[PDB]
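Participant: Structure for this input, please:
(chains A, B, C, D, E, F, G, H, I, J and K, ligands or ions: 12)
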Amino acid sequence: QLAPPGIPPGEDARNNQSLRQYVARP
Amino acid sequence: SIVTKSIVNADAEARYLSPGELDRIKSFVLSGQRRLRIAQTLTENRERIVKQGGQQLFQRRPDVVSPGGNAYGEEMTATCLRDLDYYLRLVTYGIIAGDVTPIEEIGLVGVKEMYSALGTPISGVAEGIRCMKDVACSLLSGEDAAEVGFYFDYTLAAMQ
Amino acid sequence: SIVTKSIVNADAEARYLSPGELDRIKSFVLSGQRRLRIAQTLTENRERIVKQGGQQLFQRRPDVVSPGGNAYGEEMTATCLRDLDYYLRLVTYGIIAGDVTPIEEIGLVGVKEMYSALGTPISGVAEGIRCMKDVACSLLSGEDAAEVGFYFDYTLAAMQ
Amino acid sequence: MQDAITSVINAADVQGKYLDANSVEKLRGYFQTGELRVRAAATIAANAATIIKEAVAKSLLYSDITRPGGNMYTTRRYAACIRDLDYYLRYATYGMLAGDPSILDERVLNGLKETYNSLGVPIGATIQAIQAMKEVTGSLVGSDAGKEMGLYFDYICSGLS
Amino acid sequence: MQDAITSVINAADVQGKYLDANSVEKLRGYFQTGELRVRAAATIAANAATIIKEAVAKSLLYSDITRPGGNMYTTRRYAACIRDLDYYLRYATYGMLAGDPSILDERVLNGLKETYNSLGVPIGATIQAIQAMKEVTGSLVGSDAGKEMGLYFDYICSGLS
Amino acid sequence: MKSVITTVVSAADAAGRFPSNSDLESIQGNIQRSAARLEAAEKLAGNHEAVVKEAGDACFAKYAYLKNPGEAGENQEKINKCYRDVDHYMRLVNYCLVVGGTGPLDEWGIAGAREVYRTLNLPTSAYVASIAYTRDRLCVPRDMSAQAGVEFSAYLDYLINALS
Amino acid sequence: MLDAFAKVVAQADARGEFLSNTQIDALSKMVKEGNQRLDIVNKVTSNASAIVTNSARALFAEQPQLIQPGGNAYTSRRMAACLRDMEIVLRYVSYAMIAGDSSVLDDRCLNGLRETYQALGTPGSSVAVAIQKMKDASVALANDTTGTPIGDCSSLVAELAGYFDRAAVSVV
Amino acid sequence: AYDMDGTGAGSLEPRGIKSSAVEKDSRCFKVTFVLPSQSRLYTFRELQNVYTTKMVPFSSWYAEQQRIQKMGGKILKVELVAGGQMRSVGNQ
Amino acid sequence: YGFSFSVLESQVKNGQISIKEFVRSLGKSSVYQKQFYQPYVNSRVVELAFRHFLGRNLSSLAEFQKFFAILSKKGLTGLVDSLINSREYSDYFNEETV
Amino acid sequence: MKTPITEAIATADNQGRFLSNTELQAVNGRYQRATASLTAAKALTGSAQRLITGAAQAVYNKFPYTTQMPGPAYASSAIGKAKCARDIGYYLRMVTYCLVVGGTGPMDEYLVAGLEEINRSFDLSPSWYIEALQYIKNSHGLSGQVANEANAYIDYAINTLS
Amino acid sequence: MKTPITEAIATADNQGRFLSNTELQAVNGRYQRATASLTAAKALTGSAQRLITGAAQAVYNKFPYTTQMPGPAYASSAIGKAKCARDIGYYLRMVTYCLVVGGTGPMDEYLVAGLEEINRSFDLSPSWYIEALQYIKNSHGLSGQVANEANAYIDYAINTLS
Ligand SMILES: C=CC1=C(C)[C@@H](Cc2[nH]c(/C=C3N=C(/C=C4\NC(=O)[C@H](C)[C@H]4CC)C(C)=C\3CCC(=O)O)c(CCC(=O)O)c2C)NC1=O
Ligand SMILES: C=CC1=C(C)[C@@H](Cc2[nH]c(/C=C3N=C(/C=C4\NC(=O)[C@H](C)[C@H]4CC)C(C)=C\3CCC(=O)O)c(CCC(=O)O)c2C)NC1=O
Ligand SMILES: C=CC1=C(C)[C@@H](Cc2[nH]c(/C=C3N=C(/C=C4\NC(=O)[C@H](C)[C@H]4CC)C(C)=C\3CCC(=O)O)c(CCC(=O)O)c2C)NC1=O
Ligand SMILES: C=CC1=C(C)[C@@H](Cc2[nH]c(/C=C3N=C(/C=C4\NC(=O)[C@H](C)[C@H]4CC)C(C)=C\3CCC(=O)O)c(CCC(=O)O)c2C)NC1=O
Ligand SMILES: C=CC1=C(C)[C@@H](Cc2[nH]c(/C=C3N=C(/C=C4\NC(=O)[C@H](C)[C@H]4CC)C(C)=C\3CCC(=O)O)c(CCC(=O)O)c2C)NC1=O
Ligand SMILES: CCC1=C(C)/C(=C/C2=NC(=C\c3[nH]c(/C=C4\NC(=O)[C@H](C)[C@H]4CC)c(C)c3CCC(=O)O)/C(CCC(=O)O)=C2C)NC1=O
Ligand SMILES: CCC1=C(C)/C(=C/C2=NC(=C\c3[nH]c(/C=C4\NC(=O)[C@H](C)[C@H]4CC)c(C)c3CCC(=O)O)/C(CCC(=O)O)=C2C)NC1=O
Ligand SMILES: CCC1=C(C)/C(=C/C2=NC(=C\c3[nH]c(/C=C4\NC(=O)[C@H](C)[C@H]4CC)c(C)c3CCC(=O)O)/C(CCC(=O)O)=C2C)NC1=O
Ligand SMILES: CCC1=C(C)/C(=C/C2=NC(=C\c3[nH]c(/C=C4\NC(=O)[C@H](C)[C@H]4CC)c(C)c3CCC(=O)O)/C(CCC(=O)O)=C2C)NC1=O
Ligand SMILES: CCC1=C(C)/C(=C/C2=NC(=C\c3[nH]c(/C=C4\NC(=O)[C@H](C)[C@H]4CC)c(C)c3CCC(=O)O)/C(CCC(=O)O)=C2C)NC1=O
Ligand SMILES: CCC1=C(C)/C(=C/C2=NC(=C\c3[nH]c(/C=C4\NC(=O)[C@H](C)[C@H]4CC)c(C)c3CCC(=O)O)/C(CCC(=O)O)=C2C)NC1=O
Ligand SMILES: CCC1=C(C)/C(=C/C2=NC(=C\c3[nH]c(/C=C4\NC(=O)[C@H](C)[C@H]4CC)c(C)c3CCC(=O)O)/C(CCC(=O)O)=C2C)NC1=O
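Facilitator: Numbers count the residues shown, from 1 in each chain, chains lettered A, B, ... in the order given. Ligands and ions are numbered 1, 2, ... in the order given. Let me share the structure:
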């Protein structure tokens, strides 16, 4: 598809987030 | 058309139509929107496609129009362009039928008997259709010119 | 495949391939990316498509597995599912070939002679393929289920 | 042997004119139903034996044409029926795809009622078999597709009458 | 009579295994060139008579097979040539689409060199006609398409030798 | 065949060494330069009968005296052989672009040519009028690419430098 | 908006890694393609008016019900808005072709375009037909020589077809 | 279609020659045989050569080979000139 | 009509196939079935086959039903091969006489 | 929709106030003029096919190249001659819509807005439509204030094309 | 004026920073292409009168009504012919300015801003100027990347006219 709304595609901040500190994107 | 001879093929074989036959009747009818646009271009360009068609035909075959040629004078030259209007019409049928079946049983079956019996050089009328092909494919994009030209050269093949 | 019998059709007629034949070889090879995805779904779902295929087959035809049925016991029931693995394999060939030509000369030509000569109820094996069809089309979208189911019902037609 | 496109091209050609807006208007109408006819011809190919088995059991299975003296008594005569009913369900499938009943009278209807009178085949029971066969065909292909396939069944029944 | 897909399915079937990554790897390679082969077979159908007219005039038109005593003297014998060269340019078109030269030896090569020796047809001049016909075919369809169509011409020339 | 391979396996074979890194590096140049010089081998092949036709008549337009009796191009058969020879020199240039060096020219066309053109009384200046017309008919980004016109011309005037 | 070079760096930074030698050579061959990519972008913008007005003329021939009274493209403003949307999609597809990445195309052309056409009542299946008619009108105009040297552009034209397909599924 | 639909004994079309030929088969033999007529002496028709060598298709070799012996013929040699062996798909 | 079977006139003039082969391939051709198969009924196709591939009319009623059921199940390619492969063809014409 | 009724509502609603006599006088002038406007709308409707077929012929007699040149933009075939007379009936139908409504509102949205993007794209020339609208002005056959109400919306269309 | 030099300055001055290597490469690419563009502009200048006389005659051949019809808009008189060879020389001079500068800047400031307003007012057809530009694209005699730079600004003006 695309990125979610507002997210600049390619500059996500959840790329290599740890799983232990990962927060699910609403 | 592709619908009628895909039937009569499977008709003779005592069977129904395979996926190879029914995924192409399916593929042809979704192609039907694009076919009518292509035939619609040649429909009201017959004034230029025929008149410029006979343009290059006489420049390439001045014998047929020179005194002694079959299409000599005001009379035969009018009929000289009449046949090109015929064959340009049959190509519009073949494009909409998706096959040269309309062109086959009209203007192709036994065509050499007619033109030999009329004294017309059959090679000359083949040159006329080729001149119409360059005018026709010049009126359409590359994706279409691979079709509209595609039916002319079949008529070129059967006409010699 | 559609490529080989569109050739042997125009082969017999002493002619080349028309636009109706060459705009479909063209249309089939651009379809080839989508065909391998469909066959790739059935390739590693044979564990469920066959085992659930024989699921509904025995619930609908308990005679064939009951004592006296052709597929009775641990032995015949294994071969009872072996044939479904065969016919599920041939449908993967027909999807990639774009025709039942692979299914035609394998598992369809003279199939009634084999199963009549094996004592197997040919109507029973037809019921097995129909049960596989509902499992197969349940694994794909509507655009694909009109194809994967489309080859099964041809096998259903020729198998009775 | 003409389809809807062949019949449209013939009438537009027989006057020597191009394919105007009215000729293409029907052709667009045929291409819209092109998706419906293939799926209709798809399921009919699958359930060919099942449809004929349903029609004969629903129309003329137990009537006294089936019993001795009736027109369908001997096994050769019974086997000729389902062979005979297969053509009606098959050629009607061709008319449903071609969208034109020209193939029926070309290959089925001509010399048909004149042939059954020779053999002494009851035309009355034949049409009711096709009517019952038309009824089951509307079950499979749906309503509108049954309307299409049904439109060629009664064409056979009309001319065969 | 197998295409590239038929040959891939046969070898994958003859071992009783499914279509693994190597079998589909070649099939993807064939589908990539599917667009090139149709356009190659497109122009060859258009210029069939022109290609054969170019080959004979470039290879064996004025040689003494054309003169009296040569193998091509009488009009029946000359007319048999362009009829004969039409098959080579036609069947090579089939091999170019099917992507497999199985159709050539199935329908052209078998009993061919054994037939020309019977008639006394010169195999040497025949191959050079096909070589010249291969040279003009690379003119029309381009370089790589000529490489494809040319790959089946010398297959005919090799087996016919 | 004087080529890029047959100098690095003729000098290594006379030395008696394996193909070292100095000789594998030379065939790395046979991958970058051969992208262009096969394009001039392909355009020259697909248009050869019109190039020699446009070039071979410049032999006779410049030197019109060849059709005089007693001279070299005096009848029908000797004119067709004169167009045949420019087709030969245009064929070996197509062979030299696809080899990689001047191999098919130095063995097949050039070697012994000064002994047959003096014995048969052919003017060798008439040959280079046809080849130097082909070098100056070359439009560089229209006929081929920019680099393929360098490769095609550098075998053409090498052939001119051989005949003169 | 990030191009094909910044897409690699954005993935490496979330791993905390340097770019390895097999990744630099995959980027040095994108530079080697180079001029062939700018030849494609030059050919689809020099003809950008002709791509839209021919594919529009070929869309109401196949679907004449769009320009009948009661159709979605019958008036002057509704016809001009139809040709406007096709120029916007063709503009952003050529942005993604020069970038090597479809990021700018779905950031600011495709986000909410499907829900816009549902609100207006525009048939989004007919909008997808118009994207596909602009696709092959510019695919066929990419692989013709006409002033370019002869070579292989087959992987870049397959890349350009992917942007036209992404825009055509993100609209219905 | 093909000759193995399900026909065998006790079936409506008469029991006849059933060949194992696929849909539109493209295999053909090269056979050689003599076949004396054994009927010319009460019919008195003109005479035709009985030693023939011809290409029969795979679709109808079995019927022909079954018939050549029907009238006392002798088959001197047959071969499969065109077609493959053990070929699942591709005989079409 | 300027029709042409160049491949069949090839394989018969060389003797690669018999006249019977050339006649059978003519029967399974598409210029035939467009002529004498499509416009007619399977009933009428059987009688028109006998006038062509046998030079005579049907003889009995059982000779119809044997050859109608064959055409009923295999079409033109199954019918013409069942006439060319009969004994009555071979007694009158074997491989050389049209 | 520029109507005299809706320009009064939008004037009072810009400042959040009721309809005063500034607004009831503006919609009084629609009703006094509506007698002459509604008789022109019946007269242009009843003679529509005479005016459409007459004004399509008026373009061919002034611009004869439009029936001779080849191309999809010109009326040389029967397809282009049918799309020409479709456009003249679009211009006449908008004029009767404006006489019914009262203001230049229907032809603003349905005809004028977006028009010059269309003529530039499809290579249509706006001088053809001025010549066709010049024919309808000289041949509706009306007189008085019935003619002045009709000629105003015809001249409004000529100024947008020029 | 839009230039590869000035668009690098304007995108750094908008952000308020010094010229980095983002901007030093955009003007490095202007200097690589400048040799092809300056040979394309020297050749279009030296053959300008041939291209101006020829392109005006190429419009009178396709559209012969422009030398026939009376009125001020058409090239019927000798005054309307002189104002047409002046219009072709304006379109050609802006192309050689764009090759020298390095972008579509001089024909934006001087020709295409306000172009659709002065065509509709004085009743000029943009199809006249397209055929005058298709002639120059087919008759400049340039080759290779020299012709790629010239035909890129000719094709830019055809997109604004259409
Ligand atoms: C400490 C333990 C630890 C983990 C295991 C991972 C778990 C994990 N994986 C992913 C994220 C993911 N995980 C996968 C997994 C797979 N891809 C496939 O196609 C197969 C299903 C499978 C490969 C085997 C994919 C594709 C994503 C990316 C999801 C996305 O961006 O849409 C995410 C979301 C954040 C991100 O983008 O990385 C998390 C928390 N992270 C952790 O911190
Ligand atoms: C002057 C000296 C000189 C060389 C030594 C070679 C060096 C060489 N090899 C490969 C590159 C390669 N070499 C191989 C070969 C192999 N890989 C295997 O798994 C097999 C063991 C083996 C096959 C024989 C493959 C598969 C590639 C990558 C594909 C390719 O580039 O062709 C490449 C291209 C990729 C790269 O940049 O490294 C180069 C330059 N070329 C030269 O110019
Ligand atoms: C494989 C090698 C190969 C070439 C080198 C060319 C060579 C070449 N060019 C032309 C033909 C031509 N060549 C040119 C080009 C030019 N004319 C000039 O005077 C300028 C120097 C130059 C501009 C770039 C033009 C304009 C023509 C057509 C008219 C003419 O003959 O001059 C012809 C005659 C046949 C034809 O019309 O094409 C030939 C052989 N073609 C090839 O196949
Ligand atoms: C391998 C490459 C190769 C070549 C380069 C040529 C070279 C060549 N040319 C000729 C032979 C000839 N070459 C010419 C050519 C010319 N005389 C003229 O009028 C012009 C000046 C000029 C052509 C433009 C003529 C006329 C002959 C025949 C000589 C003769 O018959 O006396 C012969 C003698 C045998 C023969 O062909 O008859 C040879 C070896 N042939 C080759 O096989
Ligand atoms: C600023 C403006 C600008 C452009 C518009 C592009 C266009 C462009 N492309 C190439 C260079 C090239 N261009 C192509 C492209 C193609 N060849 C084909 O056969 C296909 C039809 C087409 C694919 C689209 C190829 C294949 C090369 C490589 C040159 C070669 O190897 O011959 C070159 C010359 C490079 C050189 O030779 O040194 C230029 C200027 N580059 C630019 O700098
Ligand atoms: C739809 C398929 C179809 C075709 C093609 C067709 C041809 C046809 N061409 C005719 C005549 C003719 N055709 C020509 C044609 C030519 N003279 C030349 O020099 C050229 C080579 C060539 C035309 C390009 C001439 C000169 C006559 C009149 C001959 C005479 O008066 O003796 C006639 C007799 C007069 C007539 O009824 O029109 C027919 C029927 N009829 C068909 O139904
Ligand atoms: C494709 C178009 C077409 C048709 C329809 C067709 C019909 C046809 N039906 C026949 C017989 C028959 N048809 C029937 C049919 C019936 N008995 C009944 O009671 C029912 C009413 C009916 C079944 C619906 C029977 C019993 C025979 C055998 C008659 C006999 O042996 O005397 C026969 C005689 C030969 C034979 O069957 O081999 C023909 C030719 N032929 C054609 O070419
Ligand atoms: C992110 C970039 C972006 C895009 C692409 C965009 C599209 C967009 N297209 C619109 C309308 C439209 N779009 C179309 C287009 C079509 N209808 C058809 O029948 C055809 C199949 C198809 C194209 C040929 C039409 C006819 C309208 C006018 C709808 C209306 O006014 O009712 C509108 C409504 C406002 C207006 O009238 O301009 C928006 C906002 N907006 C954006 O911000
Ligand atoms: C009356 C004397 C007579 C015989 C015996 C005969 C045999 C004969 N067996 C055939 C094929 C065959 N025969 C077999 C048989 C076998 N496969 C096995 O693994 C087993 C060892 C064997 C069964 C015992 C098979 C599989 C074919 C098909 C071959 C193929 O499709 O390539 C064929 C080819 C045509 C056809 O079947 O239609 C003929 C003509 N013909 C005759 O006239
Ligand atoms: C589809 C595969 C296929 C091929 C290729 C084929 C060839 C074939 N070539 C033949 C004759 C012939 N072929 C040639 C050909 C030539 N003379 C020359 O000098 C040239 C070297 C050559 C032309 C390239 C000639 C002259 C004859 C007539 C021989 C005669 O009358 O004795 C004949 C004899 C019958 C006839 O032509 O009607 C056959 C069967 N048959 C096939 O089924
Ligand atoms: C209700 C408001 C409204 C207007 C005004 C309108 C105009 C309009 N006229 C058009 C085409 C056309 N208009 C003409 C008309 C003419 N060409 C000539 O040479 C003649 C002189 C002239 C007739 C006066 C022609 C031939 C076309 C087809 C152009 C093409 O399809 O390329 C098109 C292009 C799309 C289509 O074919 O439908 C539009 C949008 N559409 C509208 O919805
Ligand atoms: C530098 C940018 C620039 C442009 C583009 C430009 C165009 C331009 N062309 C004009 C007139 C004109 N343009 C033409 C040209 C033509 N008419 C024809 O019949 C031919 C087909 C065609 C020429 C090939 C004519 C005849 C006029 C005079 C029209 C008039 O005076 O009403 C006018 C009206 C003002 C005047 O009388 O000079 C402008 C502003 N002026 C500019 O300063």
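Participant: Of all the residues in chain J, which one is nearest chain K?
Facilitator: Here the residue of chain J nearest chain K is residue J:65; by Cβ to the nearest Cβ that distance is 5.1 Å. (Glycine included, C-beta is placed from N, CA and C.)
Participant: hang on, I meant chain H
Facilitator: For chain H, Cβ to the nearest Cβ, closest residue to chain K: residue H:90, 50.3 Å.
Participant: do chain G as well
Facilitator: Residue nearest to chain K within chain G: residue G:46 (3.8 Å; Cβ to the nearest Cβ).
Participant: repeat for chain I
Facilitator: residue I:2 (44.4 Å).
Participant: now residue J:78, nearest residue through space, not along the chain?
Facilitator: Leaving aside its chain neighbours, residue J:78 sits nearest to residue B:44 (6.2 Å; criterion: Cβ to Cβ, 6 or more residues apart in numbering or on different chains).
Participant: quick one on the thing from earlier: give me the element the nearest residue to the residue of chain I closest to chain K once chain neighbours are set aside is part of.
Facilitator: Leaving aside its chain neighbours, residue I:2 sits nearest to residue B:112 (4.6 Å; criterion: Cβ to Cβ, 6+ apart). In this structure, residue B:112 sits in helix B:111-117 according to DSSP states H and E.
Participant: can you tell if the helix or strand following that helix touches ligand 6?
Facilitator: Using DSSP H and E, the helix or strand that follows helix B:111-117 in sequence is helix B:122-137. Yes - contact of helix B:122-137 with ligand 6 (Cβ under 6 Å from any ligand atom) involves B:124, B:125, B:128.
Participant: For chain E, what's the nearest residue on chain I?
Facilitator: Closest point on chain I to chain E, by Cβ to the nearest Cβ, is residue I:6, at 5.3 Å.
Participant: quick check, residue F:69 in a helix?
Facilitator: No - Residue F:69: not assigned to a helix; according to DSSP: H, G, I helix; E, B strand; the rest coil it is coil.
Participant: Look up phi and psi at it.
Facilitator: Dihedral pair for residue F:69: phi -70, psi 140, per degrees, to the nearest 10.
Participant: Ramachandran angles for the closest residue in space to residue H:73 that isn't next to it in sequence?
Facilitator: Excluding its sequence neighbours, the residue lying closest to residue H:73 (Cβ to Cβ, 6+ apart) is residue H:35, at 3.5 Å. When read as degrees, to the nearest 10, the backbone of residue H:35 gives phi -150, psi 90.
Participant: Can you verify my assumption that residue H:35 contacts residue H:71?
Facilitator: Yes - the pair residue H:35 and residue H:71 passes the contact test of Cβ atoms under 8 Å, sitting 6.0 Å apart.
Participant: quick one on the thing from earlier: residues contacting the residue of chain H closest to chain K?
Facilitator: Neighbouring residues of residue H:90 by Cβ atoms under 8 Å, 6 or more residues apart in numbering or on different chains: C:4, E:1, E:2, E:6, E:7, E:10, E:102, H:84.
Participant: ok, of the residues you listed, which come out buried?
Facilitator: When the contacts of residue H:90 are checked for burial by 16 or more other Cβ atoms under 10 Å in any protein chain shown, the buried set is C:4, E:1, E:2, E:6, E:7, E:10, E:102, H:84.
Participant: between those residues, which is closest to chain D?
Facilitator: Nearest to chain D among the buried ones among the contacts of residue H:90, counting by Cβ to the nearest Cβ, is residue C:4 at 21.8 Å.
Participant: What residues sit buried inside the helix holding residue B:112?
Facilitator: For helix B:111-117, by 16+ other Cβ under 10 Å, it's B:111, B:115.
Participant: Regarding residue J:156, what is its secondary structure?
Facilitator: With three-state DSSP as the criterion, residue J:156 reads helix.
Participant: State the distance from it to residue J:127.
Facilitator: 17 Å (Cβ to Cβ, to the nearest Å).
Participant: what's the burial count for the residue nearest to residue G:88 when sequence neighbours are not counted?
Facilitator: Nearest non-adjacent residue to residue G:88, counting by Cβ to Cβ, 6+ apart: residue G:109, 6.5 Å away. Residues near residue G:109, counting by other Cβ atoms under 10 Å in any protein chain shown, number 22.
Participant: Tell me who's in contact with residue G:109.
Facilitator: G:88, G:89, G:92, G:167.
Participant: Using the three-state scheme, assign the residue nearest the centre of chain B.
Facilitator: The residue lying closest to the centre of chain B (Cα atoms, centre = their mean) is residue B:91, at 3.5 Å. Using three-state DSSP, the structure places residue B:91 in helix.
Participant: From the contacts of residue G:109, keep the buried residues only.
Facilitator: Using 16+ other Cβ under 10 Å as the burial test, the contacts of residue G:109 include G:89, G:92, G:167 as buried.
Participant: Is it correct that the second one is in contact with residue G:108?
Facilitator: What it means is residue G:92. Yes - under the criterion of Cβ under 8 Å, residue G:92 makes contact with residue G:108 at 7.3 Å.
Participant: Can you show me the strands along chain F?
Facilitator: Assigned by DSSP state E, chain F shows no strands.
Participant: hmm, the longest helix along it in reach of chain G?
Facilitator: Criterion DSSP state H: the longest helix present in chain F is helix F:76-99. No - on the criterion Cβ under 8 Å from any Cβ of the partner chain, helix F:76-99 is out of touch with chain G, staying 14.1 Å away.
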